[PDB]
Amino acid sequence: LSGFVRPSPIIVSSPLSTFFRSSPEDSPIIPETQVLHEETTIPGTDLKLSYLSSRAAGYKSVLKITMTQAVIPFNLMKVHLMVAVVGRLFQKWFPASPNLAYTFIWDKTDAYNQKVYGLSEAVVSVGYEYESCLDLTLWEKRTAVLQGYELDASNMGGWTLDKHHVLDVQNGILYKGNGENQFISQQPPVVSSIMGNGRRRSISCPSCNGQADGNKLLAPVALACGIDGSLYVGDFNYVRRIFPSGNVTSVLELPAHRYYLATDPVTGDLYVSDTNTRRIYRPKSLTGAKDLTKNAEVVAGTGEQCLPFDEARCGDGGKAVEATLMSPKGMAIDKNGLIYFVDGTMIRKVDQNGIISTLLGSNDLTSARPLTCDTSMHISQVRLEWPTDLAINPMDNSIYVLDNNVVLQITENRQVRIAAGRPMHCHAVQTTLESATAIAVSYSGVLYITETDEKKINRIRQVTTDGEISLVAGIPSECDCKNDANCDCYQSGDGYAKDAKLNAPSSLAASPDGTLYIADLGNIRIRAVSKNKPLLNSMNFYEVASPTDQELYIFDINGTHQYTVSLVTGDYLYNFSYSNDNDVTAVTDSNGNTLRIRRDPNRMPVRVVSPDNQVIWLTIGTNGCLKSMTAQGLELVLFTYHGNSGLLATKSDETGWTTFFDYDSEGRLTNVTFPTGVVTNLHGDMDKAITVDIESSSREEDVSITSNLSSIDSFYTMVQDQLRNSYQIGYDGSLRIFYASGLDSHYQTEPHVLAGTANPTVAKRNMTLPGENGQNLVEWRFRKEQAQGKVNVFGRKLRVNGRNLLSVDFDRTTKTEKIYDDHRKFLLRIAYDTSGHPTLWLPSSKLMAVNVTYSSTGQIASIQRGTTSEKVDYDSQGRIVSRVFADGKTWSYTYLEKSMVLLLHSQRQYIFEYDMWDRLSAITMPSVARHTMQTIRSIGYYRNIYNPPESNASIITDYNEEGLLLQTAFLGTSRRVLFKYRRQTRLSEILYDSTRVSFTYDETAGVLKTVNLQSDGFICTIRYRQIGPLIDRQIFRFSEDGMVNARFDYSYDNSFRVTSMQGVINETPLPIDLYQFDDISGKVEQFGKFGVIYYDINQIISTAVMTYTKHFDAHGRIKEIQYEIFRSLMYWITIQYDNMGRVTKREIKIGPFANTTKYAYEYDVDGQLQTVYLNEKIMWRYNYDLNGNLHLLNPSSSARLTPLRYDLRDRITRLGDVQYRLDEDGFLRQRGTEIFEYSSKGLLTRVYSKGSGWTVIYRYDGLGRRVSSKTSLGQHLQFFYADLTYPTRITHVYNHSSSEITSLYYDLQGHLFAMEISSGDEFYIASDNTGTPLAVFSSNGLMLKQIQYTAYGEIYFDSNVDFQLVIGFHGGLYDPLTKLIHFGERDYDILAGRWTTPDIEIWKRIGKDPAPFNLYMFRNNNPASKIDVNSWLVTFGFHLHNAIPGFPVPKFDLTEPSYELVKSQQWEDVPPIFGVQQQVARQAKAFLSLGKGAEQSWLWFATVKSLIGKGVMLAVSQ
Ligand SMILES: *[C@@H]1O[C@H](CO)[C@@H](O)[C@H](O)[C@H]1NC(C)=O
Ligand SMILES: *[C@@H]1O[C@H](CO)[C@@H](O)[C@H](O)[C@H]1NC(C)=O
Ligand SMILES: *[C@@H]1O[C@H](CO)[C@@H](O)[C@H](O)[C@H]1NC(C)=O
Ligand SMILES: *[C@@H]1O[C@H](CO)[C@@H](O)[C@H](O)[C@H]1NC(C)=O
Ligand SMILES: *[C@@H]1O[C@H](CO)[C@@H](O)[C@H](O)[C@H]1NC(C)=O
């Protein structure tokens, strides 16, 4: 019976529900499983709720069973498909057909109408039928996991509370409440040593029958499974029955020593393959007879050795007892009861009677054939080579025989197929195997091949039912265990099976609960690679942790949630009381925030009691599910469904954002309709990979998403028509990424030291640029100090590329902390509150002790850095009421009915309206200037409508549903900026009335290719070049006459540190830069030509002659900028601070031997510079109007009282004699004879003068930056920005009139200190705290220029007006002709004393924390001071932007970048679109985390009851 090939099933399962939004305020759609994830919020507490449609009843798991790729053989016509589930048994007959398929839609339901829960393994039985032998039918059975019903956490009508948790201790699933379903059983398995240690024991065996957990062993060479869980151990002379208890007895007394064992499933008897005595045994008393030798019933062989090779018999045909045998080997026994023993070199059969027969023998020299590498062959025409082991699959009644590293399976069709392994004659069938010394197979069909050459390979690679290999046990070791016998081959006891280091595994055995038993003779133990189980402590809890929130959870006996523990400090956070049916009813935070909740007699929540004593009422549906959350007055959120499916059909807010949802019968979200009109279309389909196709109906960005779900990883795929993103996700969480840019990061997993093996932790990040030196390696080292049951000192160290950076050694002795470095430079002791909050910061080396206590309602109470401090109070709602300071100042947050009135100490009222979510609705000044505000829902986009008082000139920012900006518009002059988006869901095309800035993205990589402004004959194109995502060459090409071209070249060294900069500007190359850094600490050793030495806070940016030191204060800020050239005193200022930190006394001794100059800053109670002293006289005053309007002042050099006047909108009208003109839409239109042209970006473009007759034009790029300034008088400049760490910090200035280039050098903070001209000149600048140039020196130390600045930094004293400087007051670009400081985005006026461009995003920054503000206020009217988070690494110098990538650089600058400029250095970390990007966002945020009302997607202002009402859909499909 041969020539009949085995069938080919094509089966797929459904993917699992482990993909949800990280910060759930952004994305509702995860098209992995098309599961809707929706957040909602309870008032008073940041605790949330969650929706997850995997909990829905209609979420039916799909098991797509297709049968053929139309290659049906000619003699096959019928298909008998059968499906075996938990008690549901489906059958359906088919006549055969090309590409005939079937979809089984499982109800997650037993046939006895039972809600199954947790994991389930349904068995698929694909059966075919031949035309040749109609009696013989095919059977190829597999398994397939299926998700059951998820366990009800809180019985919220299907909804899920956020920080609630429930543990499925039966199936091994942690159902989190945020949306995660941590599958404990799907993790990599746990090694647990269960018998003795590596020491030996002699032959006589004292203490031979008691308990065996530290019992010494002789040589365990064989193991065996059991239906009683009995582990029959072959300890070289003794068979020992390990009971399912502590006690372990002994049974029998006895290469050829290594006998093998067996176990009947249907009976409890024990079988011995004694090779030495040529017999098969069976004991009588397993508990123990008198003698251990005579407890052995012989089965076959009789000791006498049979014939070697003869085909007649060894005693065959007759009785099995009377026959003789030659060299028996390992064996098994059928579920029927047929024992099959290896003897000699062939398989020999014994039935229920004593009869030795043979199914497959050997010595068949008619078929001494090569190994049939493709198909099956005849039952008696197979040669065999060293079987030596046997195990049977009870699912298929298989026979797995280890034929020379190749397991050749034998099924009931009397055929021989390769199941695993490939010999020398020619997936697991693809690979070759070495030193296969034992086999086993579980009850799911998975094979287990141990491989031990005893030289760096002591491992077990499994083979599943498909024929694919996977390393599941045995780490590849480095130390040899043969030669180095004194090598600790035992490592990581109770670690991971991927991590555990074995030493010659001998035998395997598969218990029915999956606990695979490893016999290890090197370290003489019995390890058990079992399923992952949550631990049980001494108090019988479940200490399950997850450092995605840095938390430890503990559970009760049944596994429900009791406390929540912060994982590092071990201090308790939550208290969860229950009802009598163990359902959650109250929380209690460490500050007593008691979100209590009562239930129906049917255990259904109705009211919700908030910690700010607010009741929140709920309802129920006809399907027993929640419909609507209600608070006082307003119905907050409305939800309706699709009948009794439990699927969310409609989501309504309190506004009218009524989204609809559509589904199939299988529970797949195919259409999400947003009330702007933008819908999405999802083509769900199943193939070789599970494919979904999202179709945004406002774009052309159809994303194809396939899913290669393997038994190794879950290798997903994101495709946008050329760009392929694909992520490796391990079962532990080994998170490896294939971008299209060549960047291949790899996250690794480790067990937590406090938690155990039920917890994967990211500790090491591996990251791969496409290139040579693109190998970052940042690593943690977790370590505790254990003392008497509890953790005392938990330490951790961040390490990049080998060496220590930060020694975070937390202590629990007095709840202190010690963040430090090994070189004794850094020190920061942080004492903690008893409720788990950092209270007192104690740094050292002339620093200040910041102790910060906290409110009893939870929030902050008072910060105090020594003398500088402030105290606040609070209502019952946590609202701050008064804000007193340390200078006697005090603020009054005097609330009203849902509106706030800030009162200063000088009677200025800020009337703020609010929404229920506390957005900005209307803002009233101390005058009657009412800023009424809207947020509406239009066709395709939101509109944030701001309205100035008595104005139709509205500024309106338009947004998508993701929250990307679309359209800003100034409705005064009807100017507007359009954004067009291309395939990589990013900004492509700017458009404002003449100008087009076409971005484009690369096809293979996906980086920003071009930045190409086209406005006029002026062509402004910018092209890039990278190593992966990090730039190497940027190209500046122009096309007009005078303007020049530039191009820069970078270099990296074994990190993401920009090492050497070299560019060429107008065909003139520059000498290279040397940014010599310090990766021992994160410092900066040298840069350019300048050397930086630290003295414990201090800086000395010195050269061999030019020294620039700074002596910081006791408060962490700048205090004394001393500055000597040729080691002689040339410049030193000192600044002493008040109890507010503001600058008070400024003794600027500028000049070598000349007269000193000093100041004094008399502020007011409003906290602003009102009057300024010179050295011995008052010389300035500054009055202010009701709205912070500077309306009387002293000028630069004159002593007049120049009046100023203002209108409703705080638009400036007059400075003394000259009249200003700030127009209808906020742009500065006329200053005297000068009339401006602002652009639609809010950017100054052209300045022309009618009277004085001189024009200034500012050509800008597409990034909103300043490129070139051309005056009509002859000064013609052009800028170039060689920095990418600070992409607005300018570096090189081209001068058309002199054909010379000025290179720049800034300090560590950002202050200017040096200028080198590329025509061969050098300057040594010295700057103040504000960052502005005061003294200009040559290389000879001569004062070439001295400027005395006023309170707003316009010149009233100069030593030379010829040598001008572009960079002026507070580091911005100063122009002496147009009298305007150009910062990064806006333009400050030295004459007006305020801004010119009104901010739009100031309302986002003032809606959170209110303050004395204005639409044009400069530095909160504090024009000489710079700055609490109370501790920073940059203060003691650890500038870890260079060491650790993905970390935000401290932005100690005022020049803000543009919106399109932020998007440019954003390489591929977009706001996320798909759910696998939502998992890499957690493991990049929680890894980078070094320390210990809410909002929406840029919905700034208060909501409007718009035209699309609450309960109606508006849809636009392209
Ligand atoms: C919870 O555990 C208790 C004992 O620990 C047990 O009696 C009870 O049946 C379990 N289940 C529920 C739902 O209370
Ligand atoms: C989903 O949307 C597409 C296109 O609008 C439509 O053809 C399809 O019928 C919709 N499906 C459901 C279930 O509403
Ligand atoms: C990091 O990954 C690269 C390639 O992805 C590999 O060559 C290197 O050995 C890895 N290093 C570590 C420490 O994992
Ligand atoms: C802050 O520290 C000082 C001494 O360092 C102590 O007297 C004072 O009580 C502390 N205050 C708070 C609120 O911790
Ligand atoms: C540009 O060159 C002219 C030529 O005299 C000079 O006066 C001016 O100061 C230069 N400007 C800069 C910024 O170097």
# chains A, B, ... in the order shown; residues from 1 in each chain; ligands from 1

call {"tool": "closest_atom_pairs", "arguments": {"of": "chain A", "to": "ligand 1", "cutoff": "12 Å", "atoms": "only C-alpha atoms and all ligand atoms", "output": "Markdown table"}}
result
| residue | atom | partner | partner_atom_place_in_ligand_line | distance |
| --- | --- | --- | --- | --- |
| A:152 | CA | ligand 1 | 13 (C) | 11.6 |
| A:169 | CA | ligand 1 | 1 (C) | 12.0 |
| A:540 | CA | ligand 1 | 5 (O) | 10.5 |
| A:541 | CA | ligand 1 | 5 (O) | 11.2 |
| A:555 | CA | ligand 1 | 1 (C) | 11.4 |
| A:556 | CA | ligand 1 | 5 (O) | 7.7 |
| A:557 | CA | ligand 1 | 5 (O) | 5.2 |
| A:558 | CA | ligand 1 | 1 (C) | 4.9 |
| A:559 | CA | ligand 1 | 1 (C) | 8.3 |
| A:560 | CA | ligand 1 | 1 (C) | 8.7 |
| A:561 | CA | ligand 1 | 1 (C) | 11.8 |
| A:578 | CA | ligand 1 | 14 (O) | 10.4 |
| A:579 | CA | ligand 1 | 14 (O) | 9.7 |
| A:580 | CA | ligand 1 | 14 (O) | 7.5 |
| A:581 | CA | ligand 1 | 14 (O) | 5.5 |
| A:582 | CA | ligand 1 | 14 (O) | 5.7 |
| A:583 | CA | ligand 1 | 13 (C) | 8.6 |

call {"tool": "residues_around", "arguments": {"residues": "residue A:975", "least_positions_apart": "3", "cutoff": "12 Å", "atoms": "only C-alpha atoms", "output": "short mmCIF file (atom, residue, chain, number, x, y, z; two decimals) with N, CA, C and O atoms, in the first residue's frame"}}
result
data_model
loop_
_atom_site.label_atom_id
_atom_site.label_comp_id
_atom_site.auth_asym_id
_atom_site.auth_seq_id
_atom_site.Cartn_x
_atom_site.Cartn_y
_atom_site.Cartn_z
N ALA A 953 -12.63 89.42 11.74
CA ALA A 953 -11.31 88.91 11.36
C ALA A 953 -10.95 87.76 12.29
O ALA A 953 -10.25 87.91 13.29
N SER A 954 -11.45 86.58 11.94
CA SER A 954 -11.27 85.39 12.75
C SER A 954 -10.07 84.59 12.27
O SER A 954 -9.88 84.41 11.06
N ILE A 955 -9.26 84.13 13.21
CA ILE A 955 -8.20 83.18 12.91
C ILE A 955 -8.71 81.78 13.21
O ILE A 955 -9.31 81.53 14.27
N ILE A 956 -8.57 80.88 12.24
CA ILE A 956 -9.23 79.58 12.26
C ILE A 956 -8.21 78.52 11.87
O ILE A 956 -7.66 78.57 10.76
N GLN A 967 -5.36 73.96 7.88
CA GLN A 967 -5.57 75.25 7.24
C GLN A 967 -5.66 76.32 8.32
O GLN A 967 -6.62 76.34 9.09
N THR A 968 -4.67 77.20 8.36
CA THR A 968 -4.76 78.44 9.12
C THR A 968 -5.16 79.57 8.18
O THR A 968 -4.85 79.55 6.99
N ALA A 969 -5.90 80.54 8.71
CA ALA A 969 -6.49 81.56 7.87
C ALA A 969 -6.66 82.85 8.66
O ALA A 969 -7.15 82.83 9.79
N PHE A 970 -6.25 83.96 8.05
CA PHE A 970 -6.47 85.29 8.61
C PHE A 970 -7.61 85.92 7.82
O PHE A 970 -7.42 86.37 6.69
N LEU A 971 -8.79 85.95 8.42
CA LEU A 971 -9.99 86.41 7.73
C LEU A 971 -10.08 87.93 7.61
O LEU A 971 -11.05 88.43 7.03
N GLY A 972 -9.10 88.67 8.13
CA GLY A 972 -9.06 90.10 7.91
C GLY A 972 -8.69 90.44 6.48
O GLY A 972 -9.49 91.03 5.75
N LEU A 978 -2.83 76.61 2.87
CA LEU A 978 -3.39 75.29 2.59
C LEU A 978 -2.33 74.21 2.74
O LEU A 978 -1.17 74.41 2.37
N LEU A 991 0.58 75.92 0.67
CA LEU A 991 -0.01 76.77 -0.37
C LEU A 991 -0.60 78.01 0.27
O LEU A 991 -1.61 77.92 0.98
N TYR A 992 0.00 79.17 0.01
CA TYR A 992 -0.55 80.45 0.46
C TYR A 992 -0.35 81.53 -0.62
O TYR A 992 0.66 82.23 -0.66
N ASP A 993 -1.32 81.59 -1.54
CA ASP A 993 -1.65 82.69 -2.44
C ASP A 993 -0.64 82.97 -3.55
O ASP A 993 -0.99 83.61 -4.55
N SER A 994 0.61 82.52 -3.42
CA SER A 994 1.52 82.49 -4.55
C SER A 994 2.47 81.31 -4.44
O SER A 994 3.03 80.84 -5.44
N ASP A 1225 -6.36 92.09 10.93
CA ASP A 1225 -6.00 90.72 11.29
C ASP A 1225 -4.65 90.63 12.01
O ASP A 1225 -3.94 89.62 11.87
N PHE A 1227 -1.64 92.16 11.90
CA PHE A 1227 -0.33 92.35 11.31
C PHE A 1227 0.07 93.82 11.32
O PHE A 1227 -0.77 94.71 11.19
N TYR A 1238 3.46 91.45 5.61
CA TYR A 1238 3.50 90.13 6.21
C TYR A 1238 2.93 89.10 5.24
O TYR A 1238 2.11 89.41 4.38
N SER A 1239 3.40 87.87 5.39
CA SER A 1239 2.90 86.78 4.56
C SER A 1239 1.70 86.13 5.24
O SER A 1239 1.24 86.57 6.30
N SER A 1240 1.18 85.07 4.63
CA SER A 1240 0.05 84.36 5.21
C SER A 1240 0.47 83.45 6.36
O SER A 1240 -0.39 82.99 7.11
N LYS A 1241 1.76 83.19 6.51
CA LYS A 1241 2.29 82.40 7.61
C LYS A 1241 2.43 83.19 8.89
O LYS A 1241 2.83 82.61 9.91
N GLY A 1242 2.12 84.48 8.88
CA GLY A 1242 2.48 85.34 9.99
C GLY A 1242 3.93 85.75 9.96
O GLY A 1242 4.51 86.03 11.01
#

call {"tool": "residues_around", "arguments": {"residues": "stretch 1327-1332 of chain A", "least_positions_apart": "5", "cutoff": "10 Å", "atoms": "only C-alpha atoms", "output": "PyMOL selection string"}}
result
chain A and resi 1108+1117-1121+1123+1131-1135+1143+1146+1148+1306+1309-1314+1349+1353+1367-1372+1423-1426+1453

call {"tool": "write_last_selection", "arguments": {"atoms": "N, CA and C atoms", "output": "tab-separated table (two decimals), in the first residue's frame"}}
result
chain	number	residue	atom	x	y	z
A	1108	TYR	N	36.44	81.82	29.26
A	1108	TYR	CA	35.04	82.25	29.44
A	1108	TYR	C	34.45	81.36	30.53
A	1117	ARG	N	21.21	78.50	38.89
A	1117	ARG	CA	21.17	79.41	37.76
A	1117	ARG	C	22.50	80.14	37.62
A	1118	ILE	N	22.56	81.01	36.62
A	1118	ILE	CA	23.80	81.69	36.27
A	1118	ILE	C	23.99	82.89	37.20
A	1119	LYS	N	25.21	83.09	37.66
A	1119	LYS	CA	25.40	84.15	38.64
A	1119	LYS	C	26.55	85.10	38.31
A	1120	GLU	N	27.65	84.59	37.77
A	1120	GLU	CA	28.83	85.42	37.53
A	1120	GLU	C	29.51	84.96	36.25
A	1121	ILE	N	29.47	85.79	35.22
A	1121	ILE	CA	30.12	85.50	33.95
A	1121	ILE	C	31.41	86.30	33.96
A	1123	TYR	N	35.37	86.80	32.64
A	1123	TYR	CA	35.84	86.67	31.26
A	1123	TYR	C	37.15	87.42	31.11
A	1131	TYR	N	36.32	91.65	31.28
A	1131	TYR	CA	34.87	91.63	31.37
A	1131	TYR	C	34.43	90.73	32.50
A	1132	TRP	N	33.62	91.23	33.43
A	1132	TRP	CA	32.94	90.33	34.36
A	1132	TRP	C	31.68	91.01	34.86
A	1133	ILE	N	30.57	90.29	34.81
A	1133	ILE	CA	29.34	90.77	35.40
A	1133	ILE	C	28.99	89.86	36.56
A	1134	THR	N	28.15	90.37	37.45
A	1134	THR	CA	27.58	89.56	38.51
A	1134	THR	C	26.10	89.87	38.59
A	1135	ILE	N	25.30	88.83	38.81
A	1135	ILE	CA	23.86	88.98	38.95
A	1135	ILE	C	23.41	88.27	40.22
A	1143	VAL	N	16.39	88.87	38.14
A	1143	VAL	CA	17.68	89.53	38.19
A	1143	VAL	C	17.51	90.88	38.88
A	1146	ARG	N	23.22	94.14	38.64
A	1146	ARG	CA	24.05	93.76	37.51
A	1146	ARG	C	25.28	94.66	37.43
A	1148	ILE	N	28.22	95.29	35.67
A	1148	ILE	CA	28.96	95.01	34.44
A	1148	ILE	C	30.20	95.90	34.40
A	1306	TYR	N	28.31	78.98	19.65
A	1306	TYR	CA	27.56	79.28	20.86
A	1306	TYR	C	28.05	78.39	21.99
A	1309	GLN	N	24.86	76.66	26.89
A	1309	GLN	CA	23.47	77.04	27.08
A	1309	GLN	C	22.83	77.56	25.80
A	1310	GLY	N	23.58	78.25	24.96
A	1310	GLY	CA	23.01	78.84	23.76
A	1310	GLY	C	23.38	80.30	23.60
A	1311	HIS	N	24.15	80.83	24.53
A	1311	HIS	CA	24.61	82.20	24.43
A	1311	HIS	C	25.76	82.28	23.44
A	1312	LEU	N	25.83	83.39	22.72
A	1312	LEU	CA	26.90	83.58	21.75
A	1312	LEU	C	28.18	83.98	22.48
A	1313	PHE	N	29.31	83.39	22.06
A	1313	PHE	CA	30.59	83.81	22.62
A	1313	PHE	C	31.71	83.97	21.60
A	1314	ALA	N	31.51	83.61	20.34
A	1314	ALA	CA	32.63	83.63	19.40
A	1314	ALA	C	32.12	83.84	17.98
A	1349	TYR	N	22.98	98.27	26.62
A	1349	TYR	CA	21.58	98.02	26.29
A	1349	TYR	C	20.65	98.53	27.37
A	1353	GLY	N	16.76	96.43	25.32
A	1353	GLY	CA	17.89	96.07	24.49
A	1353	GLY	C	18.02	96.82	23.19
A	1367	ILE	N	23.07	89.27	15.08
A	1367	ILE	CA	22.43	88.68	16.25
A	1367	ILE	C	22.43	89.70	17.38
A	1368	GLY	N	21.24	90.06	17.84
A	1368	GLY	CA	21.12	91.10	18.84
A	1368	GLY	C	20.53	90.66	20.16
A	1369	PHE	N	19.40	91.24	20.53
A	1369	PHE	CA	18.90	91.16	21.89
A	1369	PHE	C	18.12	89.87	22.13
A	1370	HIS	N	18.49	89.17	23.21
A	1370	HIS	CA	18.07	87.78	23.49
A	1370	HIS	C	18.30	86.86	22.30
A	1371	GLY	N	19.46	86.99	21.67
A	1371	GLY	CA	19.90	86.05	20.66
A	1371	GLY	C	19.17	86.07	19.34
A	1372	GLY	N	18.14	86.89	19.19
A	1372	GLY	CA	17.43	86.95	17.93
A	1372	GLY	C	18.18	87.74	16.89
A	1423	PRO	N	12.16	91.39	31.10
A	1423	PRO	CA	13.04	91.39	29.93
A	1423	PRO	C	14.51	91.16	30.23
A	1424	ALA	N	14.85	90.68	31.42
A	1424	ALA	CA	16.26	90.45	31.71
A	1424	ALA	C	16.52	89.14	32.45
A	1425	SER	N	15.54	88.26	32.57
A	1425	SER	CA	15.68	87.07	33.39
A	1425	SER	C	15.39	85.81	32.59
A	1426	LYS	N	16.09	84.74	32.95
A	1426	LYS	CA	15.87	83.41	32.41
A	1426	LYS	C	15.84	82.40	33.55
A	1453	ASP	N	16.20	78.26	24.87
A	1453	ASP	CA	16.17	79.23	23.78
A	1453	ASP	C	14.76	79.78	23.68

call {"tool": "closest_residue", "arguments": {"among": "A:689, A:401, A:535, A:852", "to": "ligand 4", "atoms": "only C-alpha atoms and all ligand atoms"}}
result
A:852

call {"tool": "closest_residue", "arguments": {"among": "A:789, A:1030, A:56, A:1038", "to": "residue A:1011", "atoms": "only C-alpha atoms"}}
result
A:1038

call {"tool": "residues_near_ligand", "arguments": {"ligand": "ligand 3", "cutoff": "9 Å", "atoms": "only C-alpha atoms and all ligand atoms", "output": "list in words"}}
result
residues 744, 745, 746, 747, 748, 764, 765, 766, 767, 768, 769, 775, 776 and 777 of chain A

call {"tool": "select_by_dssp", "arguments": {"residues": "stretch 1191-1322 of chain A", "states": "strand (DSSP E)", "output": "NGL selection string"}}
result
:A and (1191-1193 or 1202-1206 or 1212-1215 or 1218-1222 or 1228-1231 or 1234-1238 or 1244-1249 or 1256-1260 or 1266-1271 or 1276-1280 or 1292-1295 or 1300-1306 or 1312-1317 or 1321-1322)
